[PDB]
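The block underneath contains the structure these notes are about, expressed in structure tokens.
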Amino acid sequence: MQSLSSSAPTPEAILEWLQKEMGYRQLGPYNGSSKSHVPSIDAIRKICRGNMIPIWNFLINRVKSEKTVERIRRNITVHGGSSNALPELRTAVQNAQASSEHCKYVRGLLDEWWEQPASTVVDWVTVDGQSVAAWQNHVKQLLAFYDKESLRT
Amino acid sequence: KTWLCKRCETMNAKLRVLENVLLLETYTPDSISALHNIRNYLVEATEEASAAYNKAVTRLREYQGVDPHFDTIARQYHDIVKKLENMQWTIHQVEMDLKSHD
Amino acid sequence: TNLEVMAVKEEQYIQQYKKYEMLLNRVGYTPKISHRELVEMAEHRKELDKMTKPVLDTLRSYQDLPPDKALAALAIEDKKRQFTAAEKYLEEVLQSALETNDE
Amino acid sequence: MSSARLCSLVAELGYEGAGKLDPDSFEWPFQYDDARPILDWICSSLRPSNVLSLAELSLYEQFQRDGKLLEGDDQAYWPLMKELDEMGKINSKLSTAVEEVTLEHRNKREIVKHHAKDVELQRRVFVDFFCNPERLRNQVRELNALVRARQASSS
């Protein structure tokens, strides 16, 4: 489920087929093959729609909740997103290069840019980044047009 | 040393947990173009200096044209100090041409 | 045992070194080699554009030769103009190239 | 029973607050309560969803919003002595370094929106006065005005 993104939806992908044929399997090895099944289910106002589906419908309100996390559980693994964007003396010395290293990392935090990431988590990265690229300048401009109608008047 | 470090690892892990995720989404769409847009500026200065050796070689080439003049003693006495000047004239022109490749 | 658990909580952090490397080797090498040369190029480009001016000063020191030669002043003049053309646009097109990377 | 059910369908956790005073508060739902078979059928299909509050279904929707798009509040916090002092000062700075980048992400994205409107509204001040006759002239300006803006955003 959470461990593998591809593992989680495969039970779900068959589930919409499964859930109805779970109703089609009761008292029959296969729905078409067994004559015993077709009396058990009712064409209208069936018993499964009476208790099992409402219990499932009760579940759906929580299933869609856990699926919502399950989609997140799948999404986190494929793409991780968190909050947007003598020897003892040597170990003390080793910390100095370690101290030298984070300042490079601190510098490496803004070396590519300090104006773009700080002023924009996502400007050209996949989510909405192509959208500003698709439009002339930036997706904010639509928030700038509706008052242009008031500007021209 | 056991307590002083592996709090070392606490820092380095915090030094990694955001570093890997933040950089990956940022540089990768722009990493290949990041070097190139200087490389195109690097090669244009490089090719200009290559012709600039050629122009310097042209100054060596015109010295081959100075050789028919160099036989005449009157301008040769001028030429030899001018060739000494030309020798010196190369360096400031060459130091233009040397680092422009770089 | 919390400190030992914190130590156990350290042999959870010592393995995202072993989770991120498949992207970190892409992160640790290419951005670093790219940035370091440009930073070295930053001082180097600052020295690249500059020595023209001392050479303009040094060309005055050797100004005697070009008039004496049949033609020596034109050769240095035109190559500087192409160099001047290099800083003439002054990354304005490169900004547009940088614009495509930025958005 | 079914009289309170239509009052119960709107929400369940918030219901008990009024649920005690409700049966005294209302009497008219008892009339369609008496018609159990008709009301039960429509309720029975709907009661799985109605037990869930209308706010609660939004709570499951914002669970998707919580992950990777969380707008809620964000938190931003002798020789071996020298290594202790080094570890002491570096971890705070490195925490600061990782907290400052998280201190910003709440307002990171909006900054380009912030400085753009500050440019945008400033021009809008005088154009709002007289723009009726010349709009095609004006629509030319907004094309290259953002050219300056995108230069600032890229810089």
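How things are named: the first chain in the structure tokens is A, the next is B, and so on; residues count from 1 in each chain; ligands count from 1 in the order shown.
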Handout entry: Test item: chain A residues at most 8 Å from chain D, counting only C-alpha atoms, as a PyMOL selection string
Key = chain A and resi 50+54-55+57-58+61+64-65+68-69+72+81-85+88-89+92+95+99+102+106+115-122+137+140+150-153
Near residue 123 in chain A, counting only C-alpha atoms, which residues have an atom at most 7 Å away, once you skip same-chain residues fewer than 3 positions from it, shown as a PDB file with C-alpha atoms, in the first residue's frame?
ATOM      1  CA  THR A 120       8.196  31.148  -5.651  1.00  0.00           C
ATOM      2  CA  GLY A 129       4.778  25.816 -13.880  1.00  0.00           C
TER       3      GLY A 129
ATOM      4  CA  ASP C 102      12.789  30.328 -14.831  1.00  0.00           C
ATOM      5  CA  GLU C 103       9.332  30.029 -16.413  1.00  0.00           C
TER       6      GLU C 103
END
Problem - Residue list for chain C near chain B as an MDAnalysis selection string, 8 Å, only C-alpha atoms - result: chainID C and resid 7 10 13:14 16:17 20 23:24 27 30:31 34 38 48 51:52 55 58:59 62 65 68 72 75:76 79 82:83 86 94 97 101
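The two atoms in question, CA of residue 11 in chain C and CA of residue 75 in chain D, are spaced 25.0 Å apart.
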Problem - Distance in Å - CA of residue 13 in chain A versus CA of residue 74 in chain A - result: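 So the two atoms, CA of residue 13 in chain A and CA of residue 74 in chain A, lie 13.8 Å apart.
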Completion exercise
Of C:44, C:69, C:81, C:36, the one sitting nearest chain A when using only C-alpha atoms is C:36
Exercise for the section: Give the residues of chain B that lie within 7 Å of chain A; count only C-alpha atoms, and format the answer as number ranges by chain. Expected result: B: 1, 15, 21-22, 25
Exercise for the section: For CA of residue 73 in chain C and CA of residue 71 in chain B, quote the distance in Å rounded to one decimal. Expected result: 24.0 Å
Practice task
Give the answer as one residue: which of D:55, D:76, D:43, D:140 has the shortest atom-to-atom distance to residue 9 in chain D, using only C-alpha atoms?
Solution key: D:43
Practice task
List every residue of chain C that DSSP, applied to the backbone of this structure, assigns to helix (DSSP H, G or I), and report them as an MDAnalysis selection string.
Solution key: chainID C and resid 2:8 10:13 17:28 30:48 52:61 65:68 73:89 92:102
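Each of A:144, A:44, A:133, A:63 was compared to chain C using only C-alpha atoms, and A:133 turns out to be the nearest.
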